[PDB]
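> Just entry.cif, nothing more (mmCIF, C-alpha atoms):
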data_my_file
#
loop_
_atom_site.label_atom_id
_atom_site.label_comp_id
_atom_site.auth_asym_id
_atom_site.auth_seq_id
_atom_site.Cartn_x
_atom_site.Cartn_y
_atom_site.Cartn_z
CA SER A 1 100.63 205.62 176.53
CA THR A 2 97.50 207.39 177.70
CA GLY A 3 96.32 210.93 178.26
CA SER A 4 93.60 212.47 180.43
CA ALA A 5 92.48 216.11 180.33
CA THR A 6 89.61 218.01 181.96
CA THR A 7 87.21 219.87 179.69
CA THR A 8 85.38 222.92 181.03
CA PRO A 9 82.25 224.72 179.79
CA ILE A 10 83.01 228.19 178.42
CA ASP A 11 79.88 229.72 179.99
CA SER A 12 76.83 228.97 182.12
CA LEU A 13 74.91 227.37 179.21
CA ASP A 14 77.55 224.84 178.12
CA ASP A 15 77.76 226.59 174.73
CA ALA A 16 81.13 224.86 174.18
CA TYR A 17 83.87 223.18 176.18
CA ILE A 18 87.58 224.06 176.34
CA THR A 19 90.47 221.72 177.09
CA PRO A 20 94.02 222.91 177.81
CA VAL A 21 96.62 221.80 175.22
CA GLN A 22 100.40 222.27 175.43
CA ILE A 23 102.05 223.35 172.16
CA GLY A 24 105.75 223.94 171.52
CA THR A 25 108.92 224.08 173.61
CA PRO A 26 108.75 225.60 176.18
CA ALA A 27 105.06 224.77 176.41
CA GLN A 28 102.50 227.30 175.32
CA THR A 29 99.12 226.31 176.76
CA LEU A 30 96.05 227.19 174.70
CA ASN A 31 92.45 226.29 175.53
CA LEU A 32 91.04 224.49 172.52
CA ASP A 33 87.59 223.31 171.51
CA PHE A 34 87.85 219.54 170.98
CA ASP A 35 85.66 218.86 167.94
CA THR A 36 84.74 215.32 166.86
CA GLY A 37 83.05 216.91 163.83
CA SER A 38 86.18 218.36 162.17
CA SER A 39 89.76 217.35 161.59
CA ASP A 40 91.98 220.45 161.82
CA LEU A 41 94.00 221.58 164.83
CA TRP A 42 94.18 225.34 164.40
CA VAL A 43 95.11 228.13 166.81
CA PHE A 44 95.03 231.85 167.19
CA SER A 45 98.66 232.88 166.75
CA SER A 46 101.17 235.68 166.35
CA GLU A 47 100.17 235.58 162.66
CA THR A 48 96.48 236.28 163.17
CA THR A 49 95.31 239.65 161.84
CA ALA A 50 95.58 241.88 164.90
CA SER A 51 92.05 243.31 164.56
CA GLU A 52 90.67 239.75 164.71
CA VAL A 53 92.23 238.89 168.10
CA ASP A 54 90.21 240.02 171.14
CA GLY A 55 91.38 238.29 174.32
CA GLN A 56 92.48 234.90 173.01
CA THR A 57 95.80 233.35 173.98
CA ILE A 58 98.02 233.05 170.89
CA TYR A 59 100.58 230.51 169.75
CA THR A 60 103.86 232.19 168.76
CA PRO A 61 105.88 229.64 166.74
CA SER A 62 109.00 231.83 166.79
CA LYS A 63 109.23 231.24 170.56
CA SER A 64 109.08 227.43 170.19
CA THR A 65 112.41 225.68 169.59
CA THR A 66 110.56 222.67 168.18
CA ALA A 67 108.39 224.61 165.70
CA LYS A 68 109.10 224.13 162.00
CA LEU A 69 107.27 225.86 159.17
CA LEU A 70 105.52 223.27 156.98
CA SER A 71 106.71 224.97 153.82
CA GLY A 72 104.03 225.68 151.25
CA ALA A 73 101.15 224.36 153.31
CA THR A 74 97.95 226.36 153.78
CA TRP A 75 94.57 225.60 155.26
CA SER A 76 91.07 227.01 155.06
CA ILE A 77 87.92 225.74 156.78
CA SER A 78 84.24 226.64 157.07
CA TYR A 79 82.04 225.17 159.78
CA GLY A 80 78.37 224.20 159.88
CA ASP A 81 77.56 227.45 161.73
CA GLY A 82 78.99 229.68 158.99
CA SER A 83 82.21 230.47 160.83
CA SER A 84 85.60 230.04 159.18
CA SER A 85 89.34 230.44 159.54
CA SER A 86 92.48 230.07 157.41
CA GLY A 87 96.26 230.37 157.50
CA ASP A 88 99.52 228.47 157.22
CA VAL A 89 101.01 225.48 159.03
CA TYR A 90 103.79 224.55 161.42
CA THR A 91 104.74 221.23 162.91
CA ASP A 92 105.37 221.20 166.65
CA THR A 93 105.10 219.08 169.77
CA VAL A 94 101.54 218.93 171.13
CA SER A 95 100.55 217.34 174.45
CA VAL A 96 97.05 216.71 175.82
CA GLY A 97 96.71 215.54 179.41
CA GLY A 98 100.19 213.99 179.50
CA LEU A 99 99.98 212.40 176.02
CA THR A 100 102.56 213.85 173.61
CA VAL A 101 102.68 213.85 169.80
CA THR A 102 105.78 215.10 168.01
CA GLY A 103 105.46 216.51 164.51
CA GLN A 104 101.80 217.47 164.89
CA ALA A 105 100.48 219.85 162.27
CA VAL A 106 99.52 223.06 164.09
CA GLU A 107 97.50 225.24 161.74
CA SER A 108 98.25 228.90 162.43
CA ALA A 109 95.41 231.30 161.72
CA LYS A 110 96.05 234.35 159.61
CA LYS A 111 92.31 235.09 159.42
CA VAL A 112 89.33 234.13 161.56
CA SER A 113 85.66 235.05 161.20
CA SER A 114 83.85 237.28 163.63
CA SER A 115 82.30 234.55 165.80
CA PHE A 116 85.79 233.32 166.70
CA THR A 117 87.09 236.83 167.40
CA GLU A 118 84.06 237.53 169.59
CA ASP A 119 84.62 234.42 171.72
CA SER A 120 87.61 235.21 173.92
CA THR A 121 87.49 231.82 175.70
CA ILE A 122 88.36 229.61 172.68
CA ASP A 123 91.96 229.79 171.48
CA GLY A 124 91.41 227.36 168.62
CA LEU A 125 90.05 223.95 167.72
CA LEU A 126 91.43 220.39 167.99
CA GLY A 127 89.68 218.21 165.45
CA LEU A 128 88.92 214.56 166.26
CA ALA A 129 86.95 213.47 163.21
CA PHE A 130 88.68 211.37 160.54
CA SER A 131 91.80 212.76 158.91
CA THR A 132 90.21 212.58 155.46
CA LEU A 133 88.45 215.87 156.36
CA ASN A 134 91.66 217.73 157.17
CA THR A 135 91.91 220.88 155.04
CA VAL A 136 95.72 221.29 154.74
CA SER A 137 96.87 221.67 151.14
CA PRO A 138 98.74 220.41 149.18
CA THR A 139 99.65 217.75 151.77
CA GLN A 140 96.75 216.66 153.98
CA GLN A 141 97.66 216.25 157.65
CA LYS A 142 96.63 213.81 160.38
CA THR A 143 94.66 214.62 163.49
CA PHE A 144 96.23 214.51 166.93
CA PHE A 145 94.36 211.24 167.63
CA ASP A 146 95.52 209.66 164.38
CA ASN A 147 99.13 210.62 165.17
CA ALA A 148 98.92 209.26 168.72
CA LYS A 149 96.94 206.09 167.92
CA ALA A 150 99.86 203.70 167.44
CA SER A 151 101.37 204.68 170.80
CA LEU A 152 98.10 204.42 172.75
CA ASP A 153 97.42 201.46 175.03
CA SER A 154 94.12 201.11 173.13
CA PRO A 155 93.21 203.03 169.92
CA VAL A 156 90.31 204.90 171.56
CA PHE A 157 89.39 208.24 173.04
CA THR A 158 86.43 208.97 175.30
CA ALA A 159 84.25 212.04 175.84
CA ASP A 160 82.57 212.51 179.22
CA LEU A 161 81.04 215.99 179.06
CA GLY A 162 79.50 217.58 182.11
CA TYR A 163 76.17 219.29 182.52
CA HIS A 164 76.97 222.75 183.84
CA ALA A 165 80.22 221.24 185.13
CA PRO A 166 83.62 220.10 183.88
CA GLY A 167 84.19 216.70 182.34
CA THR A 168 87.00 214.63 180.84
CA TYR A 169 88.60 213.59 177.57
CA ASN A 170 90.66 210.41 177.90
CA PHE A 171 93.01 208.98 175.27
CA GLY A 172 94.08 205.36 175.09
CA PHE A 173 91.93 203.82 177.85
CA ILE A 174 88.35 203.41 179.06
CA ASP A 175 87.78 204.54 182.67
CA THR A 176 85.41 201.84 183.96
CA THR A 177 84.61 204.06 186.99
CA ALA A 178 83.24 206.85 184.80
CA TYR A 179 79.96 205.17 183.80
CA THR A 180 77.15 202.94 185.05
CA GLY A 181 75.95 199.68 183.59
CA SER A 182 77.54 198.52 180.35
CA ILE A 183 78.77 200.32 177.24
CA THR A 184 76.68 199.60 174.14
CA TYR A 185 78.70 199.70 170.96
CA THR A 186 77.23 200.61 167.58
CA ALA A 187 78.50 200.64 164.01
CA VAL A 188 80.17 203.70 162.44
CA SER A 189 80.38 204.86 158.84
CA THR A 190 83.44 206.91 157.96
CA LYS A 191 82.23 207.65 154.42
CA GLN A 192 81.60 211.36 155.16
CA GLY A 193 84.63 211.61 157.48
CA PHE A 194 82.47 211.83 160.62
CA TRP A 195 81.71 209.53 163.55
CA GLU A 196 78.42 208.70 161.84
CA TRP A 197 76.10 206.12 163.39
CA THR A 198 72.40 205.15 163.46
CA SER A 199 70.24 205.68 166.53
CA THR A 200 67.47 203.12 166.98
CA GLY A 201 64.75 205.57 168.04
CA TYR A 202 63.53 208.03 170.63
CA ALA A 203 61.08 208.76 173.42
CA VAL A 204 59.68 212.05 174.71
CA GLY A 205 59.39 212.20 178.49
CA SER A 206 57.57 209.15 179.85
CA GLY A 207 56.11 208.38 176.42
CA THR A 208 56.55 205.13 174.60
CA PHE A 209 59.71 204.50 172.64
CA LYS A 210 59.45 204.98 168.88
CA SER A 211 61.66 202.50 166.99
CA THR A 212 63.02 204.34 163.98
CA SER A 213 66.49 204.65 162.48
CA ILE A 214 68.09 208.09 162.84
CA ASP A 215 71.45 208.48 161.06
CA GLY A 216 73.60 211.22 162.58
CA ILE A 217 77.07 212.24 163.79
CA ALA A 218 78.56 212.32 167.26
CA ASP A 219 79.84 215.92 167.27
CA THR A 220 81.35 217.40 170.41
CA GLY A 221 81.87 220.69 168.57
CA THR A 222 78.13 221.33 168.10
CA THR A 223 76.23 222.68 171.11
CA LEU A 224 72.72 221.34 170.49
CA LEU A 225 70.90 218.21 169.33
CA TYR A 226 69.72 218.48 165.72
CA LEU A 227 67.20 215.85 164.63
CA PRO A 228 64.55 215.42 161.92
CA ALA A 229 61.67 217.89 162.04
CA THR A 230 59.17 215.11 162.84
CA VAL A 231 61.10 214.13 165.96
CA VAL A 232 61.66 217.72 167.07
CA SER A 233 57.99 218.65 166.62
CA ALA A 234 56.94 215.62 168.66
CA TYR A 235 59.21 216.79 171.48
CA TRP A 236 58.16 220.44 171.56
CA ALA A 237 54.46 219.51 171.28
CA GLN A 238 54.79 218.33 174.90
CA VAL A 239 55.77 221.82 176.11
CA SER A 240 52.88 224.27 176.45
CA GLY A 241 53.53 227.41 174.42
CA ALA A 242 56.59 226.12 172.60
CA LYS A 243 56.86 227.15 168.98
CA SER A 244 59.31 227.46 166.12
CA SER A 245 60.28 231.09 165.54
CA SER A 246 61.84 232.01 162.21
CA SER A 247 62.90 235.37 163.66
CA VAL A 248 64.85 233.70 166.48
CA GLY A 249 65.98 230.79 164.31
CA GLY A 250 64.52 227.76 166.04
CA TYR A 251 62.22 226.43 168.70
CA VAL A 252 61.64 228.64 171.74
CA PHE A 253 59.54 227.91 174.80
CA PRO A 254 58.20 229.81 177.81
CA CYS A 255 60.97 230.14 180.36
CA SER A 256 58.34 229.21 182.97
CA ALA A 257 58.13 225.66 181.56
CA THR A 258 59.39 222.40 182.97
CA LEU A 259 60.90 220.49 180.08
CA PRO A 260 60.43 216.76 179.53
CA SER A 261 63.35 214.43 179.08
CA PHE A 262 64.34 213.05 175.69
CA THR A 263 65.55 209.48 175.24
CA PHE A 264 67.59 208.22 172.28
CA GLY A 265 68.33 204.61 171.40
CA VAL A 266 71.73 202.98 170.99
CA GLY A 267 70.96 199.49 169.80
CA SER A 268 68.76 198.01 172.53
CA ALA A 269 70.06 200.52 175.10
CA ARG A 270 68.62 203.92 175.96
CA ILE A 271 70.28 207.24 176.83
CA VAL A 272 68.09 209.71 178.74
CA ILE A 273 68.67 213.44 178.35
CA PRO A 274 67.12 215.20 181.38
CA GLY A 275 64.81 218.07 180.55
CA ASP A 276 67.09 220.63 182.19
CA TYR A 277 69.81 219.81 179.64
CA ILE A 278 67.46 221.09 176.90
CA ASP A 279 67.12 224.63 178.39
CA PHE A 280 69.46 227.20 176.79
CA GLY A 281 67.99 230.21 178.54
CA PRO A 282 66.49 233.52 177.51
CA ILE A 283 66.83 234.40 173.83
CA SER A 284 67.98 237.85 174.97
CA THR A 285 68.75 239.18 178.44
CA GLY A 286 65.54 239.50 180.46
CA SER A 287 63.32 237.77 177.93
CA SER A 288 60.74 235.26 179.06
CA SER A 289 61.26 233.29 175.83
CA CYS A 290 63.89 230.57 176.23
CA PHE A 291 65.83 228.81 173.48
CA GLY A 292 65.45 225.07 173.06
CA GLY A 293 68.31 222.58 173.02
CA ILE A 294 66.67 220.22 170.53
CA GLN A 295 66.34 221.76 167.08
CA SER A 296 65.51 220.67 163.54
CA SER A 297 68.31 219.42 161.33
CA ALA A 298 66.22 220.08 158.22
CA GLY A 299 68.42 222.99 157.13
CA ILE A 300 71.75 221.19 157.72
CA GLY A 301 71.69 218.00 155.66
CA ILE A 302 72.74 215.74 158.55
CA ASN A 303 71.47 214.97 162.03
CA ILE A 304 73.85 216.07 164.78
CA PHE A 305 74.20 214.41 168.18
CA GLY A 306 75.86 217.47 169.72
CA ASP A 307 76.78 218.27 173.31
CA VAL A 308 73.14 218.24 174.54
CA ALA A 309 73.00 214.51 173.72
CA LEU A 310 76.63 213.54 174.33
CA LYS A 311 76.79 215.07 177.82
CA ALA A 312 74.10 212.63 178.96
CA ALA A 313 76.46 209.72 178.19
CA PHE A 314 79.95 208.34 178.51
CA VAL A 315 80.99 208.10 174.86
CA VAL A 316 83.72 205.88 173.41
CA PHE A 317 85.23 206.84 170.05
CA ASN A 318 86.84 203.53 169.06
CA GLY A 319 89.41 204.06 166.31
CA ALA A 320 90.18 200.41 165.73
CA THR A 321 90.61 199.33 162.12
CA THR A 322 86.80 199.12 161.92
CA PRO A 323 85.74 202.13 164.04
CA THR A 324 82.75 201.96 166.36
CA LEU A 325 80.98 204.18 168.89
CA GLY A 326 80.08 203.19 172.43
CA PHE A 327 77.50 204.81 174.69
CA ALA A 328 77.00 204.28 178.43
CA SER A 329 74.77 205.93 180.99
CA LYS A 330 76.55 207.68 183.83
#
Translate this file's structure into structure tokens.

Amino acid sequence: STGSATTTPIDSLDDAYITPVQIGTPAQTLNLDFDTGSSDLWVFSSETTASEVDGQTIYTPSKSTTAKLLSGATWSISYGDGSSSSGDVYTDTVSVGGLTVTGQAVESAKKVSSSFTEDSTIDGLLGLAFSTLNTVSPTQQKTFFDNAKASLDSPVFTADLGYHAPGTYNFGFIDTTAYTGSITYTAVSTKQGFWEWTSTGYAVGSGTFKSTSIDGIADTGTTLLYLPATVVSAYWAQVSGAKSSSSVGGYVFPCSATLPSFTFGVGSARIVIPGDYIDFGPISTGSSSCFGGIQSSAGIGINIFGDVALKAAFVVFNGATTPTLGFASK
């Protein structure tokens, strides 16, 4: 089997991407944030504290003939941005782009933190990291990809995110029309539960390539590119007037600037992020200070190849027995 679904930016900055997912019988379609950096599928629901729902579409398990309470199971998760959610668990039928999983754990939120409430465009998350990170207790649950793997034509999914435009998540096949050149595959460590790999270096604009190993995660659920402070300083040094602001919380630059590209290495291959992809707009409405899309990872504990980097590539998440990542230009 295969599946193919379009993913759409939630706003004009590509702050996140939403993909329609069918849950239950008859189908209830919710727009979920596909997150290769976490492993829970959770939804706003009829159980979510009413004051914490503000425009989201909810899953109502009582209206699904295929929903079954997973008795005793609870979940609770906190994300790298300080947001969090928790609740109980049902199993139900979940389909993404024509690909159906029966018995998928659907984690129903009883509580969500303010950032989720305040974002009316995201109805929940669909985690695509390794199932060892799933938070359901006392019985850990598998991701949608893990459940579907055995049925897929090939045990892979691909992320093809758009710049200021929709893109595609495919399951079970590699669309050879979606990229240029060849796909370069690179080794993955699953030891932290992430799609963790090692970049071979970077360049800033037309500058020379610096060969240096950068360990990080391919994370579709993180907006920006978070790299070591040395790398980030080298990039922003090429933008007149750019500076790190503690009051804003990262590098800002004059909105009048033209940003240089940023290249990252995948083995001997090179992925080029155009400068425009690094512009996240005024820090506040009408400001002439703009927020940068490449930021320091120093406060995180891990480097994050988020959407800013991934949207410059066609990305293969290969879930074969020994997982690997593939990157192609497009």
> Rank nothing, just name the residue among A:104, A:38, A:4, A:211 nearest to residue A:69, using all atoms listed in the file.
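Closest to residue A:69, using all atoms listed in the file: A:104.
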> Counting only C-alpha atoms, figure out which residue out of A:316, A:49, A:297, A:327 gets nearest to residue A:154.
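Of the candidates, the smallest distance to residue A:154 is held by A:316.
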> Counting only C-alpha atoms, I want the residues whose atoms come within 9 Å of (95.1, 219.2, 170.5) in the file frame, returned as a list in words.
residues 19, 20, 21, 22, 23, 32, 33, 34, 41, 42, 94, 95, 96, 104, 106, 125, 126, 127, 128, 143, 144 and 145 of chain A
> Any chance you could work out the residue set of the PyMOL selection byres ((chain A and resi 194) around 7) here, as a PyMOL selection string?
chain A and resi 37+129-130+190+192-193+195-196+217
> Expressed in Å to a single decimal, how great is the separation between atom CA of residue A:45 and atom CA of residue A:68?
14.4 Å
> Leaving out stretch 253-261 of chain A and any residue of its chain fewer than 2 positions from it, which residues lie within 10 Å of it when counting all atoms listed in the file, given as an NGL selection string?
:A and (203-207 or 235-236 or 238-245 or 251 or 263 or 272-283 or 287-292)
> Tell me which residues the PyMOL selection byres ((chain A and resi 227) around 9) grabs here, as a list in words.
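Given this file, the PyMOL selection byres ((chain A and resi 227) around 9) evaluates to residues 214, 216, 225, 226, 228, 229, 230, 231, 232, 294, 295, 296, 297, 298, 302, 303, 304 and 305 of chain A.
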> Suppose a student applies the PyMOL selection byres ((chain A and resi 213) around 9) to this structure; what residues should they get, written as a count of residues only?
8
> Quick one: everything within 8 Å of residue A:161, counting only C-alpha atoms, minus sequence neighbours fewer than 2 positions away in the same chain. Send it as a PyMOL selection string.
chain A and resi 7+159+163+166-168+307+310-314
> One decimal, Å: what's the distance from atom CA of residue A:220 over to atom CA of residue A:47, could you say?
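Calculated distance between atom CA of residue A:220 and atom CA of residue A:47 is 27.3 Å.
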> Kindly indicate which residue among A:320, A:188, A:67, A:325 lies nearest to residue A:172, using only C-alpha atoms for the distances.
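So, comparing all the options, the nearest one is A:320.
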> Find the residue from A:28, A:321, A:74, A:139 that sits nearest to residue A:59; use all atoms listed in the file when measuring.
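So, comparing all the options, the nearest one is A:28.
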> Quick one: residues within 7 Å of residue A:223, all atoms listed in the file, excluding same-chain residues fewer than 5 positions away - as a list in words?
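Within the cut-off, the hits are residues 15, 16, 306, 307 and 308 of chain A.
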> Please, could you write that set of residues out with C-alpha atoms as a tab-separated table (two decimals), in the coordinates of the input?

chain	number	residue	atom	x	y	z
A	15	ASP	CA	77.76	226.59	174.73
A	16	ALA	CA	81.13	224.86	174.18
A	306	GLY	CA	75.86	217.47	169.72
A	307	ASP	CA	76.78	218.27	173.31
A	308	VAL	CA	73.14	218.24	174.54
> Which residue, A:79, A:169, A:116, A:44, has the smallest gap to residue A:99 when you use only C-alpha atoms?
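Looking at the shortest contact to residue A:99, the residue is A:169.
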> Reconstruct N, CA and C atoms of stretch 37-63 of chain A from the incomplete input and present them as a PDB file, keeping the file's coordinate frame.

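The resulting file, rebuild_37.pdb, is reproduced below:
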ATOM      1  N   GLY A  37      83.601 216.656 165.138  1.00  0.00           N
ATOM      2  CA  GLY A  37      83.050 216.910 163.830  1.00  0.00           C
ATOM      3  C   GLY A  37      83.952 217.623 162.843  1.00  0.00           C
ATOM      4  N   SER A  38      85.242 217.799 163.139  1.00  0.00           N
ATOM      5  CA  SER A  38      86.180 218.360 162.170  1.00  0.00           C
ATOM      6  C   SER A  38      87.535 217.764 162.456  1.00  0.00           C
ATOM      7  N   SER A  39      88.502 218.087 161.600  1.00  0.00           N
ATOM      8  CA  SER A  39      89.760 217.350 161.590  1.00  0.00           C
ATOM      9  C   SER A  39      90.977 218.250 161.460  1.00  0.00           C
ATOM     10  N   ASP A  40      90.862 219.523 161.821  1.00  0.00           N
ATOM     11  CA  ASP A  40      91.980 220.450 161.820  1.00  0.00           C
ATOM     12  C   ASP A  40      92.260 220.886 163.253  1.00  0.00           C
ATOM     13  N   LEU A  41      93.539 220.919 163.610  1.00  0.00           N
ATOM     14  CA  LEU A  41      94.000 221.580 164.830  1.00  0.00           C
ATOM     15  C   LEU A  41      94.539 222.938 164.417  1.00  0.00           C
ATOM     16  N   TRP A  42      93.797 223.990 164.751  1.00  0.00           N
ATOM     17  CA  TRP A  42      94.180 225.340 164.400  1.00  0.00           C
ATOM     18  C   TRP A  42      94.089 226.227 165.636  1.00  0.00           C
ATOM     19  N   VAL A  43      94.935 227.256 165.650  1.00  0.00           N
ATOM     20  CA  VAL A  43      95.110 228.130 166.810  1.00  0.00           C
ATOM     21  C   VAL A  43      95.172 229.582 166.369  1.00  0.00           C
ATOM     22  N   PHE A  44      94.620 230.454 167.205  1.00  0.00           N
ATOM     23  CA  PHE A  44      95.030 231.850 167.190  1.00  0.00           C
ATOM     24  C   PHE A  44      96.539 231.899 167.405  1.00  0.00           C
ATOM     25  N   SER A  45      97.204 232.842 166.732  1.00  0.00           N
ATOM     26  CA  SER A  45      98.660 232.880 166.750  1.00  0.00           C
ATOM     27  C   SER A  45      99.168 234.302 166.581  1.00  0.00           C
ATOM     28  N   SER A  46     100.497 234.422 166.645  1.00  0.00           N
ATOM     29  CA  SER A  46     101.170 235.680 166.350  1.00  0.00           C
ATOM     30  C   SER A  46     100.964 236.127 164.909  1.00  0.00           C
ATOM     31  N   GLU A  47     100.425 235.265 164.055  1.00  0.00           N
ATOM     32  CA  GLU A  47     100.170 235.580 162.660  1.00  0.00           C
ATOM     33  C   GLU A  47      98.744 236.038 162.412  1.00  0.00           C
ATOM     34  N   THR A  48      97.872 235.937 163.402  1.00  0.00           N
ATOM     35  CA  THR A  48      96.480 236.280 163.170  1.00  0.00           C
ATOM     36  C   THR A  48      96.346 237.793 163.037  1.00  0.00           C
ATOM     37  N   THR A  49      95.618 238.236 162.018  1.00  0.00           N
ATOM     38  CA  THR A  49      95.310 239.650 161.840  1.00  0.00           C
ATOM     39  C   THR A  49      94.945 240.280 163.175  1.00  0.00           C
ATOM     40  N   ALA A  50      95.668 241.342 163.543  1.00  0.00           N
ATOM     41  CA  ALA A  50      95.580 241.880 164.900  1.00  0.00           C
ATOM     42  C   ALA A  50      94.156 242.297 165.261  1.00  0.00           C
ATOM     43  N   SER A  51      93.416 242.872 164.305  1.00  0.00           N
ATOM     44  CA  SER A  51      92.050 243.310 164.560  1.00  0.00           C
ATOM     45  C   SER A  51      91.087 242.151 164.807  1.00  0.00           C
ATOM     46  N   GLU A  52      91.508 240.923 164.540  1.00  0.00           N
ATOM     47  CA  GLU A  52      90.670 239.750 164.710  1.00  0.00           C
ATOM     48  C   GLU A  52      90.997 238.970 165.978  1.00  0.00           C
ATOM     49  N   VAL A  53      91.910 239.473 166.798  1.00  0.00           N
ATOM     50  CA  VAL A  53      92.230 238.890 168.100  1.00  0.00           C
ATOM     51  C   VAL A  53      91.647 239.821 169.155  1.00  0.00           C
ATOM     52  N   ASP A  54      90.873 239.258 170.073  1.00  0.00           N
ATOM     53  CA  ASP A  54      90.210 240.020 171.140  1.00  0.00           C
ATOM     54  C   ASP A  54      90.138 239.151 172.399  1.00  0.00           C
ATOM     55  N   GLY A  55      91.288 238.976 173.046  1.00  0.00           N
ATOM     56  CA  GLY A  55      91.380 238.290 174.320  1.00  0.00           C
ATOM     57  C   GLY A  55      91.895 236.862 174.261  1.00  0.00           C
ATOM     58  N   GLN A  56      92.020 236.275 173.077  1.00  0.00           N
ATOM     59  CA  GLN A  56      92.480 234.900 173.010  1.00  0.00           C
ATOM     60  C   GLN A  56      93.966 234.827 173.357  1.00  0.00           C
ATOM     61  N   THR A  57      94.387 233.651 173.817  1.00  0.00           N
ATOM     62  CA  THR A  57      95.800 233.350 173.980  1.00  0.00           C
ATOM     63  C   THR A  57      96.325 232.853 172.637  1.00  0.00           C
ATOM     64  N   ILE A  58      97.486 233.359 172.215  1.00  0.00           N
ATOM     65  CA  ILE A  58      98.020 233.050 170.890  1.00  0.00           C
ATOM     66  C   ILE A  58      99.221 232.131 171.005  1.00  0.00           C
ATOM     67  N   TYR A  59      99.387 231.315 169.968  1.00  0.00           N
ATOM     68  CA  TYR A  59     100.580 230.510 169.750  1.00  0.00           C
ATOM     69  C   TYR A  59     101.565 231.362 168.962  1.00  0.00           C
ATOM     70  N   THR A  60     102.798 231.455 169.453  1.00  0.00           N
ATOM     71  CA  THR A  60     103.860 232.190 168.760  1.00  0.00           C
ATOM     72  C   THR A  60     104.926 231.192 168.337  1.00  0.00           C
ATOM     73  N   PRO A  61     104.904 230.684 167.103  1.00  0.00           N
ATOM     74  CA  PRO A  61     105.880 229.640 166.740  1.00  0.00           C
ATOM     75  C   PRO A  61     107.333 230.078 166.855  1.00  0.00           C
ATOM     76  N   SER A  62     107.616 231.369 166.712  1.00  0.00           N
ATOM     77  CA  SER A  62     109.000 231.830 166.790  1.00  0.00           C
ATOM     78  C   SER A  62     109.594 231.656 168.179  1.00  0.00           C
ATOM     79  N   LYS A  63     108.766 231.477 169.203  1.00  0.00           N
ATOM     80  CA  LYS A  63     109.230 231.240 170.560  1.00  0.00           C
ATOM     81  C   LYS A  63     109.321 229.759 170.902  1.00  0.00           C
TER      82      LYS A  63
END
